[PDB]
Amino acid sequence: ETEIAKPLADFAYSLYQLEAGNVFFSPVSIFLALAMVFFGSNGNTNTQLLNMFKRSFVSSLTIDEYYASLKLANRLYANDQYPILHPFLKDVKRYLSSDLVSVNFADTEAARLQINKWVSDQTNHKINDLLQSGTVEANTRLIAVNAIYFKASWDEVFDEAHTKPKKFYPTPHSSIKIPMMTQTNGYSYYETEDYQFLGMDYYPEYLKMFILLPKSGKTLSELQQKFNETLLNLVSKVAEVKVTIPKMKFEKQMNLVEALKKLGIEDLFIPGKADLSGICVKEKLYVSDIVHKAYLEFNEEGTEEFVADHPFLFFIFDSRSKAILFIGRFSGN
């Protein structure tokens, strides 16, 4: 549980810094995807994986997460031609509640459609078309598709009649008028010279969303180069706040190969060089594409003093495991 939290949060931020005005993804979803190939990898492939996200222990994390709903859709799709080692299929289910499925890549479009529909199922049809065309090819060996579906009501829902459009400042010069939610209520709170830090509970209340709102004459960009830690900000919160935050919708699809390459994971995507001998010994597998989509709303109702009217960072936190389920940024597009 907590043993995973610290390298998970360090991985979360590292990817967040490689990122575009608004950002939204699930560190946990990608981290368990990496977990799957780590389990199946050896040699240099496995070392670059191990050095990236730092035997598991994650089976302790996975058991934490379920029971509103939180559903993981973590899955490898392996070309038909390849026999797959049985211990890997057992461990990936036992310790990660994930699996590898052998699939007919002949008829590339139909396989792609079957996968996107599988992903739709586990995401109550809110993560759809996760695979874009030309991510699968009749000779593709291994693709990883990756998402978490999170639906939860605010502990303290907003009164829709107070949702007034207000000025939001991508930069102190410029301005754009957007719908914002307001209410006055009890919230977790902490403050420095440089930012405010707000906690908004979901229900159940160990699910919370957090916002780091830069104060004073500091922009998000300069502040970002000073974290993360985010997990420590957790420990320091204690307050009644009048909260005004944008009411918005995040739907980010991301092909992660280039970010993960930049992070130091490379052999995994190189044919011939990738070592997935723990998945298939009778043929050379390699990852053509890891694809991730993340959906989430700032809604009066939840997912689907403090005025967040300039750029801010946000993350969705599970206090049980201390896991950063989602991390993101809102800059006004």
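As documented in the archive entry, the model was determined using X-ray crystallography at 2.34 Å resolution.

The name given to the protein in the PDB entry is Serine proteinase inhibitor, with Trichinella spiralis as the source organism. Listed in the archive, the entry goes by the title "Structures and mechanisms of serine protease inhibitors of Trichinella spiralis and Trichinella pseudospiralis". The UniProt entry for the protein carries this comment under Sequence similarities (unreviewed entry): "Belongs to the serpin family."

Draft legend 1. Inspection of the environment of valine 92 at higher detail. For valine 92, the position within the fold is in helix 5 (residues 86–96). A relative accessible area of 0% means that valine 92 is categorised as buried. When sequence neighbours within four positions are dropped, the list of residues in contact with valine 92 reads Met36, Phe39, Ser97, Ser98 and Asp99.

Draft legend 2. Structural context of the domain arrangement of the protein. By domain assignment, the protein separates into domain 1 (2–152 + 250–297) and domain 2 (155–246 + 301–330). Centre-to-centre, using C-alpha coordinates, domain 1 lies 29 Å away from domain 2. Contact with domain 2 buries area across many residues of domain 1, yet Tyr13, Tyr16 and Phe150 alone supply 24% of it, more than any other trio. Joining domain 1 to domain 2, the criterion identifies two salt bridges. Between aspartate 64 and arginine 320 there is a salt bridge, with the nearest N and O atoms lying 2.8 Å from each other.

Draft legend 3. Spotlight on the pairing of strand 4 (residues 142–151). Most of strand 4 is tucked away: nine of the ten residues are buried. Sheet analysis places strand 2 (residues 69–79) next to strand 4, joined by ten bridges and oriented antiparallel. Considered in strand 4, the bridge of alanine 73 is made with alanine 147. Taken together, the five bridges between strand 4 and strand 13 (residues 287–297) define a ladder with parallel strand orientation. Paired with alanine 144 across the strands is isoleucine 290, a residue of strand 13.

Draft legend 4. Region of the structure containing the packing of helix 1 (residues 2–18) against helix 2 (residues 27–39). Relative to each other, helix 1 and helix 2 sit at 105°, their axes nearing to 10 Å. It follows that helix 1 is roughly perpendicular to helix 2 by the angle criterion. Along the contact surface, helix 1 presents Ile4, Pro7, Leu8, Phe11, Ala12 and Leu15, while helix 2 presents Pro27, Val28, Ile30, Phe31 and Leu34. Along the lines of polarity and charge, the residues of the contact of helix 1 with helix 2 split into eleven nonpolar, no polar and no charged.

Parameters at a glance
Residues numbered from 1 in each chain as written, not as in the entry; some residues may be left out. Heavy atoms only, no water. Residues with missing side-chain atoms left out of burial classes, pairs and counts. UniProt positions renumbered as here; feature names shortened; annotations may be inferred. Helix = DSSP H or I, 4+ residues; strand = E, 2+ residues; numbered from the N terminus. Buried < 20%, exposed > 50% of the residue type's maximum accessible area, 1.4 Å probe, protein only. Contact = heavy atoms within 4.5 Å. Domains from an automatic or database assignment. Buried area = accessible area lost by both parts, 1.4 Å probe. Salt bridge = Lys/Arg side-chain N within 4 Å of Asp/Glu carboxyl O. Pairing = 2+ DSSP bridges. Axes fitted to C-alpha atoms, helices over the stretch in contact; angles between N-to-C directions. Parallel < 35°, antiparallel > 145°, perpendicular 65-115°, else oblique. Nonpolar A, V, L, I, M, F, W, Y, C, P; charged D, E, K, R; others polar.

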